Amino acid sequence: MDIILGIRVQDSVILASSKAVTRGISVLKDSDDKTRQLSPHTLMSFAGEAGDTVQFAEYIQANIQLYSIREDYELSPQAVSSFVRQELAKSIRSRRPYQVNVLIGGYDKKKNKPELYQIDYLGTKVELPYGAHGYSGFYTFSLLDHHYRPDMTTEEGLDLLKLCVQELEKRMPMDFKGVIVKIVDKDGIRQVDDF
Amino acid sequence: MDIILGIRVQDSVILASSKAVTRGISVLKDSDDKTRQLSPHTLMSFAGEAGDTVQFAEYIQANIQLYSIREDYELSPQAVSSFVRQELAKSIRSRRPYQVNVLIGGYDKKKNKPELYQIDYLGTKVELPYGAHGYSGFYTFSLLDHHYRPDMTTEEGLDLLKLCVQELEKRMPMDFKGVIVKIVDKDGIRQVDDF
Amino acid sequence: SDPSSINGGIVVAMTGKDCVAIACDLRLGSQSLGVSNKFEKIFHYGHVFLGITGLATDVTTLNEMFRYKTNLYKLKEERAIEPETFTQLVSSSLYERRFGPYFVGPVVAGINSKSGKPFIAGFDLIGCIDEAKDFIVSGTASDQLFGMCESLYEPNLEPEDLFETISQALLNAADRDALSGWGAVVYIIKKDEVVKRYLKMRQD
Amino acid sequence: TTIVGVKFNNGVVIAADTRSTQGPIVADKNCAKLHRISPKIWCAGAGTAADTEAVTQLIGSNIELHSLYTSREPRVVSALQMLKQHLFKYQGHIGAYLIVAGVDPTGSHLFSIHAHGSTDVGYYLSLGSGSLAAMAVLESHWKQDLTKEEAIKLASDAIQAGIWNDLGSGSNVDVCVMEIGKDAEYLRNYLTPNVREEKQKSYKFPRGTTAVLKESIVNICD
Amino acid sequence: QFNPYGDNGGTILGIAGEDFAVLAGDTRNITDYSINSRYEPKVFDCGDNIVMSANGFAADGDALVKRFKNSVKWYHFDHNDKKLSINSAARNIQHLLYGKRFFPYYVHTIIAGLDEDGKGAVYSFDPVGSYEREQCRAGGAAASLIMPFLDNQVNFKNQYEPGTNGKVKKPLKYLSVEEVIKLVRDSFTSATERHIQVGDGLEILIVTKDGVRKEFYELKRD
Amino acid sequence: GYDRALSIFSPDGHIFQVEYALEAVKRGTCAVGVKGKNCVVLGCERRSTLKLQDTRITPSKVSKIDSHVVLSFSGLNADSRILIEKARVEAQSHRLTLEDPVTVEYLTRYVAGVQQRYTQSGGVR
Amino acid sequence: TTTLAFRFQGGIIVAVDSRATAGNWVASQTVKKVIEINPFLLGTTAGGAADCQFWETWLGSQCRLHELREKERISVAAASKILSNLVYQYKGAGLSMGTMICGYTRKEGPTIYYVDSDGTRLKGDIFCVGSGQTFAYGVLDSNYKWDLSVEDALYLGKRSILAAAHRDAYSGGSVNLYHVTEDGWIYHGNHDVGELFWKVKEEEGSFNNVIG
Amino acid sequence: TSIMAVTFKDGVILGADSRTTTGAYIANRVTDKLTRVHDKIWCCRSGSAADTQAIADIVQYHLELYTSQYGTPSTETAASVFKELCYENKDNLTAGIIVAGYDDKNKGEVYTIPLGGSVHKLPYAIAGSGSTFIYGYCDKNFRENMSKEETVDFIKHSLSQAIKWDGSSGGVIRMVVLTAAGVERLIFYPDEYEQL
Amino acid sequence: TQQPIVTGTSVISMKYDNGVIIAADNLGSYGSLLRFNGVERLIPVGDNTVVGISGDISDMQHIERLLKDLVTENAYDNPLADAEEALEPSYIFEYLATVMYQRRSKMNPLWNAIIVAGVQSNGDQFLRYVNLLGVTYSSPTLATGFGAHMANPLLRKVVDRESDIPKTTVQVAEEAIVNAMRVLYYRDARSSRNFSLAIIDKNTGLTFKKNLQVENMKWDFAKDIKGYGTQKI
Ligand SMILES: *[C@@](C)(CO)[C@](*)(O)[C@H](CC(C)C)NC(=O)[C@H](Cc1ccccc1)NC(=O)[C@H](CC(C)C)NC(=O)[C@H](CCc1ccccc1)NC(=O)CN1CCOCC1
Ligand SMILES: *[C@@](C)(CO)[C@](*)(O)[C@H](CC(C)C)NC(=O)[C@H](Cc1ccccc1)NC(=O)[C@H](CC(C)C)NC(=O)[C@H](CCc1ccccc1)NC(=O)CN1CCOCC1
Ligand SMILES: *[C@@](C)(CO)[C@](*)(O)[C@H](CC(C)C)NC(=O)[C@H](Cc1ccccc1)NC(=O)[C@H](CC(C)C)NC(=O)[C@H](CCc1ccccc1)NC(=O)CN1CCOCC1
Ligand SMILES: [Cl-]
Ligand SMILES: [Mg+2]
Ligand SMILES: [Mg+2]
Ligand SMILES: [Mg+2]
Ligand SMILES: [Mg+2]
């Protein structure tokens, strides 16, 4: 767990998440998918403490899927993000808090708009055009401040994302073994296999 | 400073040293040469505390060059390594010790033999067929135990070295930005530009 | 960060009938990482033998120091230093660094050339002399060596029998210590001949 | 360690056990804790082994030079003064706990010194880990006007209490008797009540049991 | 601050033969440098031909033995007086120890007896319940002294056949009860010499198909 | 807590509360299940004494427990919601721990187990 | 400890050492670090000895209860997740476990899961776990190919443990080999490093750092 | 320790117990805490045995060198030398010293020197761990210009109580009498003073 | 987690041919302050057992109440309470040992060292130790605190092993105990001159001696000791 990025463009949300799982002085895995599909049009990436990350992600996934079955209806990205925030807001004052930071990328079918939410382990939620967790932000935010435009296409967003990964691969101390990129839009969630 | 390797083969000593210089969450440089030529047939690579490494390397370099001028004669790799060890052995009981680990690769012209010495910051000297400092050893030693042979050529040594760098690039957590490789033999010191 | 157990290693010395034996392992490591399997811990100045365990830099430094001091001794005295005299020199030199000591466990072994008496001794890091008729032990597997020697040893062993006893003491002690082993050397010392034997032991 | 000192009619006697420890391990089963400062001034030492040996030799060396300078036999109070001032200067870091005794032109004397440099005077004293076991015996059996043979018995009994009851002490009993008008007699291994019993089996190996890789003759000659 | 643990010293030793097994232990009980008892047994017959010892912190050791003895009693009540096999006892003891994983019994436990084929069996446990069947095990204060000697003499480690160029190992064979007791006695006399917490007395419990026999031997009391 | 044993045996060896619960099922609207060669079909009756109904929002008789399993019922409508909710929760819990959706047999076994528990628990019918 | 397991053309190789330590004290050279959960499931053990052994024997009981209840052998995923969910409940309490759940089922095929005491659960083709994991990785990675034969794969697994047993001070004793196929696991013997090292050195010509 | 010094008609008397401790163990039950720095200038020692001995030895040296050059020193002069050592080395010393002496001009004088190294001239002084238990008693019972026998009884009764309550005090009660007549040593054993 | 406030020092004891002897001084120390002087630290249970307690006095008084209550509870529905079903020393000890270990296991110990001395119904001598840690042991001589260091050595010269017990009379045994109490008064800074001594004999029964004093002390040699080295006056 280290690098998770998110970029909201005109018609989609793009999440990029590093593939490395490192422990001590050993990269145990270089093909890890740090994300779970909460619903057909909502995707959550995650990063933080070992064990906590997946345990939390799957717990949220289970709850959202339970809701979908019960009501035969998909929750909006705003609704899901609020549910997630509250779970983390409870967690931070527990005996042992979930040390997990997440990005929630979704496409609201009622509004026909992409939405990106950034939530930290404290339960701090913000809606953003682009987001990042951990040390990634210290490079990508300034870069996106410069190159990002609100009316960009998905293809323009992927090029913008390539520019971030290149910068991180140049200046980051650790080898994060590239990223898995996923796109969330009106047609649902799909993975870019060649990045 | 992180990765420094050394391999003694039939007719030469090969030193490989990482190019990255990091400080914090930023790779400040990716083309750093972590070595100094002590004499025409003696090369010292180094790694450790920032500042201490270069300061120590150049101090040793100055002393050996002074000796060469005074006597119009090149010290043997064994003699240089003993001089270096003593300097570190003094240092460790100083007010502020040099936190520097070194490898000394040299070609003894009188014996017509390559020699590789590994010395840590405590002043712990050992002559070896292959050596490493820091976390590198935890991967390369076992690898070399398997693939190394004493009668190998310089070209076979470089392939053996490529095998080490590949393993380190696969399993090491940090991005060390490749290595500068140098060969020490009867004709002196030369750098491999394409590695 | 315990200087005496960073590099690892062991030394053991025994007396026999008109002979002494001193033996050591060959490991030098950095905590868990084994680095060198050729690091000998026994040196000699004339007919006097010195084994040193502990921090490897100090082992090397002290060898160079006692070579220095025994060479000057011989030039001025016009004779080789004896084990009893060398033992005192080691003790003096170590206690000189009382409040900044060398982190070592030295072991003297040899035969007095005048009297012919077998002699062994041990020291702590600040130079306290531990003289013994039977055996001296040192290193990270000192507990193991004490147990092996105290049970296996018997007085007045012949050089060929003494070799087997000291070798088995070292080997089985080293195999119960993580930081010791990786090969071993045994010196058998008679009045005017010395035999050095490398032992075959498990390499883990 | 257990060490003691006992004054008698015409002099003083000191004694000590012979165990040297290294943590819970017995390093030396028969070490000598009785030290000669001068011919008729002897010292029993407890605490840090190197320190007791070093401090007693240093003061013993200076006492010899002093004795030659002054053309006089050395006095116990001189050794006492030189030891305490040395130990005090090092603020207890030199861990030497000593029982100083001897005879000189002034008479017979018995003192103790602690690592921090405090001295005490007495007819019977005990220092070391087994001092409480020893002092219990001394307090139970000591009396004024002891003879030579009575003092040796009392002293060795006090050491034995330490040997048996204190884990820090063991093996043998050393004794040194310093009588006025006579040479001091050092009784090394005066008692040996802890002899190792015969082993059940001989562990002499058949020749060739140990696997060997290499042999070579070592050159010790020039 | 209150420290709920203590070190009562002592050492134990288990060896397994072909049709027998021994579990030995010294009888000395200590705290710091003081002897509490020269004869305090810590090797117990627990029934069903199982002998047990839990060396280390005596209070935890007694508690454990007490609980296992009780476990054997209830095993009979709940399972029609069935004999508790040594392997079943071992697994039961693991759960006793691991039950206090977060406030452990500070002891090295060893049990001995016969397996279901009638062959000698020794099991050893760490403080939190890790266990392993072995031919040989020493435990406690002097375990580090005794264990390598056992490797050499019981399992013939580092011993090769003479004249075979270190190529053929000394062949493994079962030892007789006479030869095993020799090794136990020599192990404990050696440990007594070099370890301060070991001495006073040696108590051996021998387990055969006939039952549980006892043997006692004096050890040095210094 | 209310402890009363409501479901108990009678002299003839019958648990009347369980048998009277079957009468409630017999009162309920008809439901039918027929499985073919490559499909299953669940048919359900809806009584026509209720006109002016809003069929968009009225609870459907067939309920999805997961994306691959469905549950229809006959009897008390309010009771059925409790079983359906429990079954849906267990369906998600199974996916979470076993990393695989429930089998139809497993889901049935769970629901049946819940029904059984209410036949020998105090304070419940 | 050094333990590994890798996936390849002919199934799964699993190899472990047998050393147990208490600090620098070598406590045992004959520990069984592969736990046979059933004829199709294996588990490896690195870290706290009691923790691994206790909870993996417990895991076997939970897997037995599964097949009694469900009339079907448990999946490797479900088995590994029972263990990971268990240790996650104890997170922070100080459990020390580095394990690998290896096995074959029809639906999954050959599968390896890394599970550790801080709750990490990872599916993968190659893993090395323990104090000497890096030494094993060095040899394993540099010689690994998917198209290895059963004979060559068994040797590589053995040779990798030997490499770590040699260099890592806290690894050694002997090598235990296992091969997992569609028909279940197969034991391939206990190999003492004492004889195996010299045998490998001579035949392979490797270990030139050591005095021959 | 329990120590005190008391001036009276003919001069001054020093008093002390004889216990030396290491924790709760009594290392010496017959200690002499009353020590001579000059013919008729003595001191009571409390605190560290090593420190107070080292100090007293230096003071004795200084006053011997003083006497060789300038003749007999005053009691005030002796107290000043003690102060100088205790004050300048306050960080490294644990010494509570009472200085008492007899001049022919000044008669009996008592100076007390606590931990800090301050000097306090008093009619009588008490110090040591056991002194705490007799502040009440000594204040109520002390009178100026007492006789020798009265002062001896005052010290004996006082130190008897200090010993009775203080675990760090015990053994015999030593006393040193300083008058124009000379120097007299007195000792009193448990069997006498305990049943006072 | 506790710290002891008012404390009692050594309790010493030994076996002899027909029974056991146990002793303890009557002091209740408050740190270095010798606060309370009328404290009885030997508590008889029935006519066949004496429990000697050192350490925290508040916890000692709690243990007194427990033993007192144990006698009451044993008498309930027990016609043989003063005969076959009377309280044995072994019963009393095991009860205390259970409590001590349960309290240490709850990290709230009774800050004491206890010696249970008595004679069983079959005539056998009983002498066993237990402390705040729940550690138990038995020996021919037992002592707590400074007694372990100074008394045991002296008492072991009389009874060094099991075979020396029949050879030791009550006169010799009491003489050694009284001597040990004197040595402790010389050398233990938290001890008093006044003490209690109890003898439990299989023939003569329980003899409880109060208000004993240490006597025949050697102090005369003190007058000769002057200075700390060089002083002659
Ligand atoms: C009784 C036995 C103890 O009460 C006696 O007092 C004797 C006195 C006689 C021998 C003069 N004391 C000892 O035997 C003494 C006990 C001791 C131990 C540690 C500190 C103080 C006192 N033992 C020693 O002094 C041994 C002598 C050896 C066996 C020859 N020395 C050590 O144990 C040294 C201690 C050195 C030291 C350094 C700095 C301050 C104080 C002491 N310790 C080691 O050698 C341990 N270690 C081994 C691995 O290498 C690093 C050092
Ligand atoms: C390699 C060999 C490196 O550890 C492997 O990882 C093996 C795995 C195998 C054994 C399954 N691990 C160990 O050997 C492991 C290392 C370790 C030690 C301590 C904590 C975590 C990991 N060793 C153990 O678990 C040993 C096994 C014994 C020797 C059979 N056990 C101990 O060290 C025990 C119990 C440790 C413990 C855990 C949790 C709470 C309390 C204790 N400790 C002792 O026995 C302590 N000590 C031994 C020396 O004698 C005095 C008492
Ligand atoms: C009464 C007792 C208290 O006021 C008197 O003042 C006497 C004065 C007389 C003797 C001149 N004081 C003592 O007896 C004095 C009490 C004391 C203790 C510690 C610090 C200051 C005062 N006792 C000593 O000085 C002894 C004398 C030795 C045993 C002969 N020395 C120690 O107890 C040494 C002192 C070391 C020290 C520490 C801090 C400052 C200065 C010196 N301490 C030890 O030996 C430690 N010991 C180790 C074993 O565990 C118990 C403590
Ligand atoms: Cl004093
Ligand atoms: Mg080893
Ligand atoms: Mg190894
Ligand atoms: Mg012993
Ligand atoms: Mg008192």
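Before reading on, note that the structure itself is shown above.
Residues numbered from 1 in each chain as written, not as in the entry; some residues may be left out. Chains lettered and ligands numbered in written order. Part of a larger assembly, values for the part shown. Heavy atoms only, no water.

Trainee: Provide a residue-level description of the overall build of chain D, including the pertinent values.
Mentor: Broken down by element type, chain D carries four helices and 13 strands. Once the C-alpha set of chain D is aligned to its principal axes, its extents read approximately 65 × 50 × 35 Å. Evaluated residue by residue, chain D yields a buried proportion of 58% over its 222 residues. If you take every contact in chain D between residues at least 6 apart in sequence, the share linking residues at least 24 apart comes to 61%. Here chain D displays about 9,000 Å² of accessible surface, and carbon together with sulfur accounts for 49% of that area. With 21 positive and 22 negative side-chain charges, chain D shows a spacing of 5 Å between the two charge centroids. (Helix = DSSP H or I, 4+ residues; strand = E, 2+ residues; numbered from the N terminus. Buried < 20%, exposed > 50% of the residue type's maximum accessible area, 1.4 Å probe, protein only. Contact = heavy atoms within 4.5 Å. Areas by Shrake-Rupley, 256 points an atom, 1.4 Å probe, with all protein chains shown as cover. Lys, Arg positive; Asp, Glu negative; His and termini not counted. Charge placed at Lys NZ, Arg CZ, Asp CG, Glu CD.)

Trainee: Explain helix α1 (residues 49-70) of chain G to me, using residue names and the numbers behind them.
Mentor: Between its first and last C-alpha atoms α1(G) spans 31 Å; for 22 residues at 1.5 Å apiece the expected length is 32 Å, and the two agree. Count one or two residues on from α1(G) and you reach G:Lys71, which has phi positive near 55°. (Expected span 1.5 Å × (residues − 1).)

Trainee: Please set out the site of ligand 1 residue by residue, giving values where relevant.
Mentor: Lining the immediate environment of ligand 1, one finds 21 residues, of which D:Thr1, D:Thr21, D:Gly47, D:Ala49 and D:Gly168 sit closest. One chain alone does not account for the residues near ligand 1; they come from chains C and D. Here a nitrogen atom of ligand 1 and a side-chain polar atom of C:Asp124 are 3.1 Å apart. Here an oxygen atom of ligand 1 and a side-chain polar atom of D:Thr1 are 2.3 Å apart. Relative to its unbound accessible area of 1,000 Å², ligand 1 is 70% covered by the protein chains. For the shell around ligand 1, the elements supplying multiple residues, two or more each, are β3 (20-22), β6 (41-47) and α1 (49-70) of chain D. Residues that form the shell around ligand 1 fall into these classes: six nonpolar, eleven polar and four charged. (Near = heavy atom within 4 Å. Polar contact = N/O pair within 3.5 Å; in protein donor to acceptor, adjacent residues only side chain to side chain. Nonpolar A, V, L, I, M, F, W, Y, C, P; charged D, E, K, R; others polar.)

Trainee: Would you mind going over the interface of chain C and chain D in detail, with residue names and values included?
Mentor: Each partner contributes to the interface: chain C provides 38 residues, whereas chain D provides 36 residues. Here chain C packs against chain D, burying approximately 3,200 Å² in sum over the two surfaces, 56% of which is carbon and sulfur. Our count for the chain C to chain D interface comes out at six salt bridges. Between D:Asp51 and C:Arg98 there is a salt bridge, with the nearest N and O atoms lying 2.8 Å from each other. The interface formed by chain C and chain D holds 17 residue pairs in polar contact in total. Of all elements in the fold, only α2 (83-95), β9 (129-131), α3 (142-152), α4 (159-174) and β12 (193-199) of chain C reach the threshold of two or more residues within the side of chain C that touches chain D. The element best represented in the side of chain C that touches chain D is α4(C), accounting for eight residues. Per-class residue counts for the side of chain C that touches chain D are 15 nonpolar, eight polar and 15 charged. (Buried area = accessible area lost by both parts, 1.4 Å probe. Salt bridge = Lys/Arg side-chain N within 4 Å of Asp/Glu carboxyl O.)

Trainee: Break down the environment of G:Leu177 for me, with residues and values.
Mentor: Residues and elements named next belong to chain G. Position of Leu 177 among the secondary structure elements: in strand β12 (residues 174-181). With 48 residues separating them in the primary sequence, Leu 177 and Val 129 have C-alpha atoms 15 Å apart. Among all residues touching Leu 177, those that are not within four sequence positions of it are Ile 13, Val 14, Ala 15, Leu 154, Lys 158, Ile 186, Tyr 187, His 188, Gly 189 and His 191.

Trainee: Quick rundown of the environment of H:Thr112? Include the residues and the values.
Mentor: Residues and elements named next belong to chain H. Locating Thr 112 in the fold gives a position in strand β8 (residues 108-113). Relative accessible area serves as the criterion here: at 11%, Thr 112 is assigned to the buried category. For the pair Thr 112 and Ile 98, spaced 14 residues apart in sequence, the C-alpha separation works out to 4.3 Å. Leave out the neighbours within four places in its chain, and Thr 112 touches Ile 97, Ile 98, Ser 118, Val 119, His 120, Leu 122 and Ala 125.

Trainee: Now, about the coordination of the magnesium ion (ligand 7): what can you tell me, with residues and values included?
Mentor: Residues and elements named next belong to chain E. Around the magnesium ion (ligand 7), the protein contributes the donor atoms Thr 192 (O), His 195 (O) and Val 198 (O), which lie 2.5 to 2.8 Å from the metal centre. Here the donor residues of the magnesium ion (ligand 7) are spaced in sequence according to T-x2-H-x2-V. For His 195, a relative accessible area of 3% corresponds to the buried category. (Donors = N, O, S within 2.8 Å, 3.2 Å for Na, K, Ca; no water.)

Trainee: Pulling in residues and values, what's your account of the coordination of the magnesium ion (ligand 6)?
Mentor: Looking at the magnesium ion (ligand 6), the protein donor atoms are C:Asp204 (O), G:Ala165 (O) and G:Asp168 (O), and they sit 2.3 to 2.5 Å from it. A relative accessible area of 0% means that G:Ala165 is categorised as buried.

Trainee: I'd like a rundown of the sheet that holds strand β2 (residues 11-16) of chain H, residues and numbers included.
Mentor: All names here are of chain H. Reading across from one edge, β10-β1-β2-β11-β12 is the order of the five strands in this open sheet, with antiparallel pairing throughout. The open sheet has two edge strands, β10 (124-127) and β12 (183-188), and neither has a second partner. Geometrically, the sheet is characterised by an average inter-axis angle of 10° between neighbouring strands, direction not taken into account. Bridge count for β2 against strand β11 (residues 173-179) is six bridges, and the pairing is antiparallel. Its bridge partner lying in β11, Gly 15 is registered against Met 175. Contacting β1 (3-7), β2, β10, β11 and β12, helix α4 (residues 148-165) runs over the sheet at an angle of about 160° to β1. (Pairing = 2+ DSSP bridges. Axes fitted to C-alpha atoms, helices over the stretch in contact; angles between N-to-C directions.)

Trainee: Account for the packing of aromatic side chains, naming residues and giving values.
Mentor: One pass over the full model with this rule turns up 47 aromatic pairs over all chains. For the ring pair B:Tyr130 and B:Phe141, a centre distance of 6.3 Å and an interplane angle of 50° mean the geometry is tilted. Placement of B:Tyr130 in strand β10 (residues 130-133) and of B:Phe141 in helix α3 (residues 137-147) is noted, with a sequence separation of eleven residues between them. B:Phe141 matches B:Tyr130 in its accessibility class, with the two residues each being buried. Linked through ring pairs, E:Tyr98, E:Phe102, G:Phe54, G:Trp55, G:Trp58 and G:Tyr90 together constitute an aromatic cluster. (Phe/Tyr/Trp six-rings, centres within 6.5 Å; stacked < 30°, edge-to-face > 60°.)

Trainee: Any chance you could break down the pattern of salt bridges for me, citing the residues and the numbers?
Mentor: Taken as a whole, this structure holds 96 salt bridges over all chains when the rule is applied. The residue A:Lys34 makes a salt bridge to A:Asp32 at a minimum N-O spacing of 3.0 Å. The two residues A:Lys34 and A:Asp32 agree in class, both being buried. One salt bridge in this structure joins I:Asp220 and I:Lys223, with 3.4 Å as the shortest N-O distance. Assessed through its relative accessible area of 47%, I:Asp220 is described here as partly exposed. For I:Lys223, a relative accessible area of 37% corresponds to the partly exposed category.

Trainee: Break down the interface of chain E and chain C for me, citing the residues and quoting the values.
Mentor: Interface size is often expressed as the accessible area that is lost when the parts come together. Contacts between the two partners involve 18 residues from chain E, matched on the other side by 17 residues from chain C. A buried area of about 1,500 Å², summed over both sides, lies between chain E and chain C, and 48% of it is on carbon and sulfur atoms. Together, E:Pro148, E:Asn158 and E:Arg194 form the three largest contributors to the area buried by chain E at its contact with chain C, with a combined 40%. Between the two partners, chain E and chain C, sit two salt bridges.

Trainee: Could you give me a rundown of the sheet that holds strand β1 (residues 3-8) of chain G, with the residues and numbers involved?
Mentor: Residues and elements named next belong to chain G. The antiparallel open sheet is built from five strands, whose spatial order is β11-β1-β2-β12-β13. Of all the strands in the sheet, the pair left with one neighbour each is β11 (126-129) and β13 (184-192). Neighbouring strand axes in the sheet, compared pairwise and without regard to direction, differ in orientation by 10° on average. Contacts from helix α4 (residues 150-167) reach β1, β2 (11-16), β12 and β13, with the element oriented near 155° to β1. Across the sheet, helix α5 (residues 193-204) touches β12 and β13, and the angle it forms with β13 is around 85°.

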